Amino acid sequence: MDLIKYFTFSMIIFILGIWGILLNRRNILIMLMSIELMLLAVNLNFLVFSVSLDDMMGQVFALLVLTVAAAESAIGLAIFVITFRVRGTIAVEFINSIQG
Amino acid sequence: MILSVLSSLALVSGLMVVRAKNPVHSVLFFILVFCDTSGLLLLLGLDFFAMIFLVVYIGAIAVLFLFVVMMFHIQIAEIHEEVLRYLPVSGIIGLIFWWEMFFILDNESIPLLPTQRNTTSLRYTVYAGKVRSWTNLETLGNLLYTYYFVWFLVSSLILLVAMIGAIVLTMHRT
Amino acid sequence: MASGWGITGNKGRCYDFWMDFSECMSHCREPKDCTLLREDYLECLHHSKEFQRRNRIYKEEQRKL
Amino acid sequence: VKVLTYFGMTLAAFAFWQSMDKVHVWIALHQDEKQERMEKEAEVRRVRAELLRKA
Amino acid sequence: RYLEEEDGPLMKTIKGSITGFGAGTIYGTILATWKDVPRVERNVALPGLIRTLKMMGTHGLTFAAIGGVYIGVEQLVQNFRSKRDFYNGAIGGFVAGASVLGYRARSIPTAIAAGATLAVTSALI
Amino acid sequence: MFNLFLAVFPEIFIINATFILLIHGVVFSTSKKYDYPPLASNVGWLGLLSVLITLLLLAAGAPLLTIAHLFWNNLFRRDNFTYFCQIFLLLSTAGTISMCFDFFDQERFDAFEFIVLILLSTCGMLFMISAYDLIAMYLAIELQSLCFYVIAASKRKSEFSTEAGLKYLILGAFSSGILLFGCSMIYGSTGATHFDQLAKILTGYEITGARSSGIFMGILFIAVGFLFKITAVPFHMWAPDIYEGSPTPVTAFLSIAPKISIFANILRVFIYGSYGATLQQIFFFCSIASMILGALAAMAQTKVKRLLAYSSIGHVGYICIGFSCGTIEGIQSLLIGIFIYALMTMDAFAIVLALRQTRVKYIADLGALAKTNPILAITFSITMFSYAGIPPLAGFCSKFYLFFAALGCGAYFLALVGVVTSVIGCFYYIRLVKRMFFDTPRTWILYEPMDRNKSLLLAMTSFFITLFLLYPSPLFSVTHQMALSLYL
Amino acid sequence: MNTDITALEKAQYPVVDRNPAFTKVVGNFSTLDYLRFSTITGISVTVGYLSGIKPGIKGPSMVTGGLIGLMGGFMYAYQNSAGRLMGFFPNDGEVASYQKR
Amino acid sequence: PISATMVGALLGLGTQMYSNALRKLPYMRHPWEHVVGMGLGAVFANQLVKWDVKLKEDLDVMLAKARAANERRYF
Amino acid sequence: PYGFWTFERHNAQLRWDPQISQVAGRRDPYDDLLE
């Protein structure tokens, strides 16, 4: 039952990311962290499957997804900083001008 | 059992990432979720990935999150909302995703039920593979830079874009 | 396990089954001709039928007890 | 939260994961009924399409 | 193409009402979650949950009424007249639409429009 | 050893040229001696030259791009389909760059890093087209996406541009995570990431009763990611806001090139892999939703950029109808629709960038343009009638297929949706022609004449739009070639 | 590192040399190859000069454009020469020199 | 008759005049550009005709192979 | 078409993998004992 238990560990992290999106409509920083939780869960999936199949391709991709996650976080927080610097606040009511 | 302890720690720590009032605490609970993930990786025998999750996720990414969040001094009013009203929608979404994905492997990967018989005596050992064993580190390093070097280089291009975009978006030179 | 690279530095556990299935599919113009080799590869991947059979044995033991 | 609150939530999560273990064993125990039901539904579809082509 | 069923007009109506209630509950949850909370309610949690559950129940009720009356009238048409077509059913869609959505909207032109739309939708099938 | 890299000569050249331009820009923009010169136009001209040399290298080396295919097999796959897709992508990038010099000079947008990021994303889309493994596909998609996140926020003091970048990063990272979860399910279930291995594993079975739910959901999540990328409803709401909020040359670039590259990916992944019906029903239902929602939302718009965004959503619906049918003519028509929509969009954004020198924002700003600039009002009316699909303009071609497949794959509800949404689209397109020709406003806006680059591009695209149906043989032949080369 | 030059589409002309060495391909450069090289380099120098006038850096811009053109023109000439030696492009002169030496 | 060269030259001349008109310039501003456009349009039209001929040959080969693969089914 | 998998473009692994069949990292473990 090993494979199912590791899988459900990763799955709970993924669902927690989804819920964190669902539960933070005023908190866009936590939304970015929920996306990072989903990415972590996917990385875990790849590593667990690599072990389970005796195949190395899951580990190569896990390392590359690590690089991608780091780049995404750096750019994401830069955009957060310039959004805050322009507006003076992070409240969602100040980032809703574009619509229709 | 051990997997149950780690799963419970990660579940509570993740709830605290997505439910803490203070975003600094959220970033700190995220560090705990990454530590727990490192423990899981150690159980799978992948010690390189277990160390790298510590070095990159906690040592570098969480630090950046912490620096930004701490200097932002977010006020609790700008981000506060009551979440009792989302229990039904969270319930339906989470229940659909639970019933469908916590059991996606069950048809394909049927668990072996533990019997009251010693099945350890049927483990077949092949000593030929054990003469010169490879670590996780050198097994990965055998592939990254030769058979799959193009993806390695594309990842470098991704990092270059991150450096350029960070400078261009935020730099105000004195 | 279709790449061949094993996680301990040897041929993957399920590579030979993959290669049998692939070589069969390279000349058989009907996929049904290589069904047995395909389910051999997938059985190697997940051990579904082996574990199902062992669970049958365990269930019968519990029933006769 | 209080430290005791984090401890109690961990205990509850541990109980949840043991319950999930019981669910997994239940699903594993009913693979044979799934297989036998699938035998019927696929064979019904065969006997069906074969009869529908007799005419 | 349709030879997998066991039918039963009363069973059909009951199951249709039950499915209507389920879909209406889901729809009411979605609509409640899309909306913001009134400003007097931002700092207290319970009234938001009450409003969400009320919306769930009301939408479940209206959708159950539609999903029940539609098939009920469909069978009560095809039972007495005992002819199977798309005509049998265009009447059920119309009566469901008119009755339920005109009781809800409190308007007769809206009842006629809703029945007409449901009639065309059930006609295409 | 050196001759193996003949297969990556175009990419090597474009990447090295991008590095040279990055260094040149950063060295001479910081120079006190030259008084910190704005280098956006200089590096723009040099980068346009680099793109044209890359195009020369790629098109003149057609057989050499398939050299060492076994050595390069685990990294990418170059064939005729990729050859033509990459040529078209490079042409789109060259046109978009040529449309930016007036914006650089007059708004004084001085950042040369804009050109560098455009070139790096062009590299990423070039790698996207030749991707032949889920890993490589994801990496190239992420490179392209990160470049777009950064250029969407380029006007870093503007509320709109910062808002656009923030929504793009969150919705883009969310969709990428969903797609990556699908790749993990497929890998876990099949032990394979290469497209050939996935083809062999999945053909002959589809849903054979004992269907792998892991494979099925990997496919579903990957499909959701692709649909986000092509702005199909219900994964579309990021597009109008990002299109409006981004700087207009970014909007022009995001409208064309990513669609070419993602549709190449979709073809080589789905049409080539083998899950079957569900995959096409996904795209069928999303095409219908896209057509309806795009038509209604565009009818509601009062600003030019939003109208164009919603029009693009509707047109991707029309294009995806071709992928839904799953035949040779379906793929051919998808490719023809992509090509014609790209040329039309390039026409439309050339006009928009020309009018952005006097800050066009609303449809009503185009009042009395047939008096102040009659030939521009005619060129723009031709584009709007082409968008509406009025024969014998090039836009009819794509509309013709929609109904051809609807009556070919036997789908009359699709036909009815097409008739109603075509009528709605015609209405909101001819509303602009009414504004430029029939209205008599009290206050007029006089617009500055466009530069030579945009006038030449506009003249060429307008001649194509009016006269393509007279000599359509090359596009038909080449798209038939690409559709065949997907399998052989 | 195991390698394999074999192409997906077979060479349609006499294969003078399957995997010609770098210096052999460079020495195979013809008059047309040098014409392509020179045209690309000259156009690139010119574009560098013309686009450099407004920022005031016409000379450095000329050097940058010339470097881009030199790399691109050399790559193009190499492409053509190696394709001729490998039989992918019409290689009359390569075959005439091969059948004699 | 109506050769590709003449259609291309006319199209190129029309392209230079259209460009001048879209920029509110006299139709014949910079006539040497009108000559250049005529030449480039002629070259482009002739090359398009040659490319179309080549495309047809390639398509015929591809269609031959597809039909052979399909006829293999009934063996 | 009838058996796209049958075409030579689709059998790249079957011809490349034998060329790397002796590479450290993917050998049968007994190969080192006899060689």
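Along its length, chain E carries four helices and zero strands. The helix and strand sequence of chain E, counted from the amino end, reads α-α-α-α. Each principal axis of the C-alpha distribution contributes one length, and for chain E these read about 60 × 35 × 20 Å. Out of the 125 residues belonging to chain E, those deemed buried represent 33%. A total of about 8,400 Å² of accessible surface is found on chain E, and carbon and sulfur atoms cover 68% of it.

Of the residues lining the interface, 63 residues belong to chain A; the matching set on chain B comes to 77 residues. In total, chain A and chain B occlude about 6,500 Å² of area from one another, counting both sides; carbon and sulfur atoms represent 81% of this. Considering only the side of chain A, the residues that lose the most area to chain B are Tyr6, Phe9 and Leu23 of chain A, jointly responsible for 10% of the buried surface there. Applying the counting criterion to the chain A and chain B interface returns zero salt bridges. At the boundary of chain A with chain B, the tally comes to nine residue pairs in polar contact. Among the secondary structure elements, those contributing two or more residues to the side of chain A that touches chain B are α1 (2–22), α2 (28–53) and α3 (57–87) of chain A. Per-element tally for the side of chain A that touches chain B: the top contributor is α3 of chain A, with 22 residues. The class makeup of the residues in the side of chain A that touches chain B is 47 nonpolar, ten polar and six charged.

Moving on, we get to the state of the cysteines. What makes a disulfide is a covalent bond joining the sulfur atoms belonging to two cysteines. On inspection of all chains with the given rule, the structure shows three disulfides over all chains. Paired by a disulfide, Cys14 of chain C and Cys44 of chain C hold their sulfur atoms 2.0 Å apart. Because the sign of the S-S torsion sets the handedness, a value of about -85° for the bond joining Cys14 of chain C and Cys44 of chain C places this disulfide among the left-handed ones. With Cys14 of chain C in the segment before α1 (15–27) and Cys44 of chain C in helix α2 (residues 35–46), this pair connects stretches of sequence that are 30 residues apart. In terms of burial, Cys14 of chain C and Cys44 of chain C fall into one category: buried. Linked covalently through their sulfurs, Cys325 of chain F and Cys409 of chain F form a disulfide whose S-S length is 2.0 Å. One end of the pair, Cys325 of chain F, is in helix α13 (residues 304–325); the other, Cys409 of chain F, is in the loop between α17 (394–406) and α18 (412–437), with 84 residues separating them in the sequence. Overall, the relative accessible area of 16% leaves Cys325 of chain F in the buried class. No disulfide involves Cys147 of chain F; its nearest neighbouring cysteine sulfur is the one of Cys123 of chain F, lying 8.6 Å away. A relative accessible area of 0% means that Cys147 of chain F is categorised as buried.

Further remarks concern the arrangement of the chains. Summarising the chain contacts, 21 pairs of chains touch, and the pair with the most contacts is chains A and B. Looking at chain E next to chain G, you find no contact at all, with the nearest C-alpha pair sitting 47 Å apart. At no point do chain B and chain H touch; the closest pair of C-alpha atoms across them sits 31 Å apart.

Residue and element names in this part refer to chain F. Tracing the backbone shows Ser312 in helix α13. Residue class for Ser312 comes out buried when judged on its relative accessible area of 4%. Excluding anything up to four places from it in sequence, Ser312 contacts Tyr243 and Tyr341.

With that settled, consider the nonpolar core. In this structure, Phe49 and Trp151 of chain B together with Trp72, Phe226 and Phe270 of chain F are the most contacted members of the largest nonpolar core, which totals 358 residues. Here this core takes 19 residues from α2 of chain A, the largest share from any one element. Apart from the residues within four sequence positions on either side, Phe226 of chain F is in contact with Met137, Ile141, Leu179, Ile262, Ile266, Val269 and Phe270 of chain F. In terms of nonpolar packing, the next biggest core, distinct from the first, is built from 13 residues, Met291, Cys325, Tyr401 and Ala411 of chain F among them.

Taken as a whole, this structure holds 71 aromatic pairs over all chains when the rule is applied. Arranged with centres 5.0 Å apart and planes meeting at 70°, the rings of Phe2 of chain F and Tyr78 of chain G form a pair that is edge-to-face. Taken as a pair, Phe2 of chain F in the segment before α1 (9–29) and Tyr78 of chain G in helix α3 (residues 58–86) lie in two separate chains rather than in one. When the ring of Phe400 of chain F is compared with that of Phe404 of chain F, the centres are 5.8 Å apart and the planes differ by 40°; the resulting orientation is tilted. One end of the pair is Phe400 of chain F and the other is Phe404 of chain F, both in helix α17 and four residues apart, which spans about a single turn. Overall, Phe404 of chain F belongs to the exposed group, its relative accessible area being 56%. Pairwise contacts between aromatic rings join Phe2 and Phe9 of chain F together with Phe22, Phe29, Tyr34, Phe37, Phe74 and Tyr78 of chain G into one cluster. Here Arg38 of chain C stacks its cationic end above the ring of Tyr205 of chain F, 3.8 Å away from the centre of that ring.

In total, this model carries 36 salt bridges over all chains according to the counting rule given. Across the pair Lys303 of chain F and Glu244 of chain F runs a salt bridge, and its minimum N-O distance is 2.6 Å. In this pair, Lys303 of chain F sits in the loop between α12 (277–300) and α13 while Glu244 of chain F sits in helix α10 (residues 238–245), placing the two residues 59 residues apart along the sequence. With a closest N to O distance of 2.9 Å, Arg15 of chain I and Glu8 of chain I form a salt bridge. The exposure class of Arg15 of chain I is partly exposed, given its relative accessible area of 26%.

On the UniProt side, "transmembrane region" is annotated at positions that read residues 18–34, 56–73 and 86–103 of chain E here. Along residues 18–34 of chain E, the helical share is 100% and the strand share 0%, with 25 Å between the first and last C-alpha atoms.

The next subject is the environment of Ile201 of chain F. Structurally, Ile201 of chain F can be placed in helix α8 (residues 195–202). When the C-alpha atoms of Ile201 of chain F and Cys286 of chain F are compared, they prove to be 27 Å apart, with 85 residues separating the residues in sequence. Excluding residues that lie within four positions of it along the chain, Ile201 of chain F makes contacts with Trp18, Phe21, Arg38 and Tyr41 of chain C together with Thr190 and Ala192 of chain F.

As a further point, take helix α5 (residues 113–129) of chain F. For an α-helix, the turn length of 3.6 residues means that residues three or four places apart are oriented alike. Under the 1.5 Å per step criterion, the end-to-end length of α5 of chain F is 24 Å for 17 residues, consistent within 8% with the ideal 24 Å. Burial analysis of α5 of chain F places 17 of its 17 residues in the buried class, which makes it a mostly covered element.

Turning our eyes to something else, we now look at the side chain of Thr139 of chain B. Relative to the elements of secondary structure, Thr139 of chain B occurs in helix α7 (residues 136–144). Residue classification places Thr139 of chain B among the buried positions, given a relative accessible area of 2%. At a separation of 2.6 Å, a polar atom in the side chain of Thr139 of chain B contacts the main-chain carbonyl oxygen of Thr135 of chain B. Leave out the neighbours within four places in its chain, and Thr139 of chain B touches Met56 of chain A, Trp134 of chain B together with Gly6, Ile7, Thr8 and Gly9 of chain C.

Packing of α2 of chain A against helix α2 (residues 23–43) of chain B leaves a shortest axis separation of 12 Å and a crossing angle of 0°. One finds that α2 of chain A runs roughly parallel with respect to α2 of chain B. Contacts from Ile30, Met33, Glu36, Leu37, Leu40, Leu44 and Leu47 of chain A of α2 of chain A reach α2 of chain B at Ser26, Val27, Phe30, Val33, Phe34, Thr37 and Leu41 of chain B. Among the residues making up the contact of α2 of chain A with α2 of chain B, the classes are represented as eleven nonpolar, two polar and one charged.

This part is about the environment of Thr440 of chain F. Mapped onto the fold, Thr440 of chain F is located in the loop between α18 and α19 (452–467). Spatially, the C-alpha atom of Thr440 of chain F lies 33 Å from that of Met291 of chain F, the residues being 149 residues apart in sequence.

Calculation notes
Residues numbered from 1 in each chain as written, not as in the entry; some residues may be left out. Chains lettered and ligands numbered in written order. Part of a larger assembly, values for the part shown. Heavy atoms only, no water. Helix = DSSP H or I, 4+ residues; strand = E, 2+ residues; numbered from the N terminus. Buried < 20%, exposed > 50% of the residue type's maximum accessible area, 1.4 Å probe, protein only. Areas by Shrake-Rupley, 256 points an atom, 1.4 Å probe, with all protein chains shown as cover. Contact = heavy atoms within 4.5 Å. Buried area = accessible area lost by both parts, 1.4 Å probe. Salt bridge = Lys/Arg side-chain N within 4 Å of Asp/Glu carboxyl O. Polar contact = N/O pair within 3.5 Å; in protein donor to acceptor, adjacent residues only side chain to side chain. Nonpolar A, V, L, I, M, F, W, Y, C, P; charged D, E, K, R; others polar. Disulfide = S-S within 2.5 Å. Core = buried A, V, L, I, M, F, W, Y, C linked by side-chain atoms within 4.5 Å. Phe/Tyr/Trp six-rings, centres within 6.5 Å; stacked < 30°, edge-to-face > 60°. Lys NZ or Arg CZ within 6 Å of the ring centre and 35° of its normal. UniProt positions renumbered as here; feature names shortened; annotations may be inferred. Expected span 1.5 Å × (residues − 1). Axes fitted to C-alpha atoms, helices over the stretch in contact; angles between N-to-C directions. Parallel < 35°, antiparallel > 145°, perpendicular 65-115°, else oblique.

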